[PDB]
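Student: Pasting a structure here, questions to come.
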Amino acid sequence: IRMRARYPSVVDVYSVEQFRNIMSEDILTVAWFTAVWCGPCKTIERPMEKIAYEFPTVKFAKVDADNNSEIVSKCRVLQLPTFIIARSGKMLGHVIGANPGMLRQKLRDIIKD
């Protein structure tokens with residue numbers, strides 16, 4: 001289930017357990033690793049808001065790297081921003097760096113097929 005009556009936008013991730021529960025759900029999900037004082041991360045904020053609006057069947061889970069360092073380590077995230085795509089606990093792909101167009105293309109192709 002997802003929350004009803006919600007503007008399509010990120011869910012903020014605050015714990016290792018919450019992250020596991022999120023990524024284990026049967027919902028196509030994108031974990032978005034980011035940090036406040038990161039230049040490339042800031043550039044893609046608005047593009048990401050548009051992606052969340054345009055893909056309302058996808059959940060976008062924002063993981064701040066400075067506050068969730070154990071999630072960063074579990075997922076072997078090496079640079080920011082990074083996107084990891086999953087559904088029902090299964091790894092479906094990743095996009096490295098400030099590449100929202102590649103993320104959009106990857107989501108389109110997962111949904112199509």
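By order of appearance in the structure tokens: chains A, B, ..., then residues from 1 within every chain, and ligands from 1 in the order shown.
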Can you tell me which residues surround residue A:70 at a distance of at most 12 Å, considering only C-alpha atoms, apart from same-chain residues fewer than 5 positions away, and format the answer as an MDAnalysis selection string?
Tutor: chainID A and resid 14:17 19:20 63:65 75:77
Student: Suppose we keep N, CA, C and O atoms; can you now write the selection as a PDB file, in the first residue's frame?
Tutor:
ATOM      1  N   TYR A  14      15.067   7.890   6.797  1.00  0.00           N
ATOM      2  CA  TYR A  14      15.733   8.236   8.043  1.00  0.00           C
ATOM      3  C   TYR A  14      16.319   7.039   8.794  1.00  0.00           C
ATOM      4  O   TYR A  14      17.015   7.254   9.775  1.00  0.00           O
ATOM      5  N   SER A  15      16.048   5.797   8.388  1.00  0.00           N
ATOM      6  CA  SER A  15      16.660   4.666   9.091  1.00  0.00           C
ATOM      7  C   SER A  15      16.931   3.442   8.201  1.00  0.00           C
ATOM      8  O   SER A  15      16.293   3.254   7.161  1.00  0.00           O
ATOM      9  N   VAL A  16      17.875   2.613   8.643  1.00  0.00           N
ATOM     10  CA  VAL A  16      18.246   1.387   7.956  1.00  0.00           C
ATOM     11  C   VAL A  16      17.054   0.415   7.826  1.00  0.00           C
ATOM     12  O   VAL A  16      16.864  -0.221   6.800  1.00  0.00           O
ATOM     13  N   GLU A  17      16.231   0.328   8.868  1.00  0.00           N
ATOM     14  CA  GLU A  17      15.057  -0.537   8.843  1.00  0.00           C
ATOM     15  C   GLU A  17      13.959  -0.011   7.917  1.00  0.00           C
ATOM     16  O   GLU A  17      13.383  -0.789   7.155  1.00  0.00           O
ATOM     17  N   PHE A  19      14.433   1.816   5.331  1.00  0.00           N
ATOM     18  CA  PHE A  19      14.933   1.594   3.983  1.00  0.00           C
ATOM     19  C   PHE A  19      14.684   0.158   3.521  1.00  0.00           C
ATOM     20  O   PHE A  19      14.252  -0.064   2.405  1.00  0.00           O
ATOM     21  N   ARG A  20      14.942  -0.816   4.376  1.00  0.00           N
ATOM     22  CA  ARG A  20      14.706  -2.204   4.034  1.00  0.00           C
ATOM     23  C   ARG A  20      13.231  -2.438   3.749  1.00  0.00           C
ATOM     24  O   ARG A  20      12.880  -3.127   2.785  1.00  0.00           O
ATOM     25  N   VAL A  63      17.602   9.441   0.165  1.00  0.00           N
ATOM     26  CA  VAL A  63      18.539   9.040   1.181  1.00  0.00           C
ATOM     27  C   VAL A  63      19.668  10.067   1.288  1.00  0.00           C
ATOM     28  O   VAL A  63      20.549  10.110   0.433  1.00  0.00           O
ATOM     29  N   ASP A  64      19.617  10.891   2.326  1.00  0.00           N
ATOM     30  CA  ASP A  64      20.700  11.809   2.582  1.00  0.00           C
ATOM     31  C   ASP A  64      21.927  11.017   3.091  1.00  0.00           C
ATOM     32  O   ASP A  64      21.854  10.288   4.065  1.00  0.00           O
ATOM     33  N   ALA A  65      23.025  11.195   2.394  1.00  0.00           N
ATOM     34  CA  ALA A  65      24.224  10.377   2.618  1.00  0.00           C
ATOM     35  C   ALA A  65      24.919  10.717   3.907  1.00  0.00           C
ATOM     36  O   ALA A  65      25.529   9.837   4.515  1.00  0.00           O
ATOM     37  N   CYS A  75      24.886  -0.329   0.434  1.00  0.00           N
ATOM     38  CA  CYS A  75      24.651  -0.296  -1.004  1.00  0.00           C
ATOM     39  C   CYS A  75      25.892   0.013  -1.818  1.00  0.00           C
ATOM     40  O   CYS A  75      25.804   0.128  -3.009  1.00  0.00           O
ATOM     41  N   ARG A  76      27.048   0.186  -1.155  1.00  0.00           N
ATOM     42  CA  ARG A  76      28.290   0.492  -1.855  1.00  0.00           C
ATOM     43  C   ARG A  76      28.135   1.672  -2.780  1.00  0.00           C
ATOM     44  O   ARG A  76      28.574   1.651  -3.936  1.00  0.00           O
ATOM     45  N   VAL A  77      27.519   2.723  -2.273  1.00  0.00           N
ATOM     46  CA  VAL A  77      27.417   3.973  -3.002  1.00  0.00           C
ATOM     47  C   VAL A  77      28.742   4.733  -2.883  1.00  0.00           C
ATOM     48  O   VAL A  77      29.276   4.926  -1.777  1.00  0.00           O
TER      49      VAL A  77
END
Student: Can you check which parts of stretch 86-106 of chain A lie within 12 Å of stretch 49-60 of chain A? Per residue, the shortest pair of atoms and distance in Å to one decimal, counting only C-alpha atoms, sorted by chain and number, as a tab-separated table.
Tutor:
residue	atom	partner	partner_atom	distance
A:86	CA	A:59	CA	10.0
A:87	CA	A:58	CA	9.8
A:99	CA	A:51	CA	11.9
A:100	CA	A:51	CA	8.1
A:101	CA	A:51	CA	9.2
A:102	CA	A:51	CA	11.3
A:103	CA	A:51	CA	8.9
A:104	CA	A:51	CA	7.0
A:105	CA	A:51	CA	10.7
A:106	CA	A:55	CA	11.9
Student: As a count of residues only, please: every residue in stretch 27-80 of chain A that DSSP puts in helix (DSSP H, G or I).
Tutor: 21
Student: Using atom CA of residue A:5 and atom CA of residue A:21 as the two end points, give the distance in Å to one decimal.
Tutor: 21.0 Å
Student: Just to confirm, what's the straight-line distance from atom CA of residue A:110 to atom CA of residue A:44 in Å (one decimal)?
Tutor: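 Between these atoms lies a distance of 21.6 Å.
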Student: Restricting the calculation to only C-alpha atoms, which member of A:69, A:112, A:12, A:30 is positioned closest to residue A:93?
Tutor: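 Smallest distance to residue A:93 is found for A:30.
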Student: Atom CA of residue A:33 to atom CA of residue A:92: how many Å, to one decimal?
Tutor: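 Between these atoms lies a distance of 16.0 Å.
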Student: Determine which residues of chain A receive a DSSP assignment of strand (DSSP E or B), computed from the backbone, and state them as a list in words.
Tutor: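 Output for chain A, strand (DSSP E or B) only: residues 11, 12, 13, 29, 30, 31, 32, 33, 34, 59, 60, 61, 62, 63, 64, 82, 83, 84, 85, 86, 87, 90, 91, 92, 93, 94, 95 and 96 of chain A.
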Student: Skipping near chain neighbours, those fewer than 4 positions away, what residues fall within 6 Å of residue A:83 using only C-alpha atoms, listed as a PyMOL selection string?
Tutor: chain A and resi 31-32+94-95
Student: Output N, CA, C and O atoms of each residue in that selection to a file, as an mmCIF file, in the first residue's frame.
Tutor:
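out_36.cif written:
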data_model
loop_
_atom_site.group_PDB
_atom_site.id
_atom_site.type_symbol
_atom_site.label_atom_id
_atom_site.label_comp_id
_atom_site.auth_asym_id
_atom_site.auth_seq_id
_atom_site.Cartn_x
_atom_site.Cartn_y
_atom_site.Cartn_z
ATOM 1 N N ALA A 31 15.798 4.590 -5.018
ATOM 2 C CA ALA A 31 16.569 5.181 -3.921
ATOM 3 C C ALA A 31 17.502 6.231 -4.521
ATOM 4 O O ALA A 31 18.364 5.913 -5.340
ATOM 5 N N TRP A 32 17.340 7.473 -4.074
ATOM 6 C CA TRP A 32 18.074 8.618 -4.555
ATOM 7 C C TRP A 32 19.029 9.076 -3.443
ATOM 8 O O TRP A 32 18.572 9.604 -2.433
ATOM 9 N N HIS A 94 20.926 0.672 -11.719
ATOM 10 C CA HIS A 94 21.391 1.902 -11.128
ATOM 11 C C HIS A 94 21.725 2.960 -12.167
ATOM 12 O O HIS A 94 21.937 2.651 -13.349
ATOM 13 N N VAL A 95 21.769 4.217 -11.715
ATOM 14 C CA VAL A 95 22.231 5.334 -12.525
ATOM 15 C C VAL A 95 23.209 6.133 -11.661
ATOM 16 O O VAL A 95 22.871 6.501 -10.560
#
Student: Kindly indicate which residue among A:48, A:13, A:23, A:85 lies nearest to residue A:68, using only C-alpha atoms for the distances.
Tutor: A:13
Student: Go through A:96, A:10, A:107, A:80 and flag the residue nearest residue A:40, using only C-alpha atoms for the distances.
Tutor: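 Selected residue with least distance to residue A:40: A:80.
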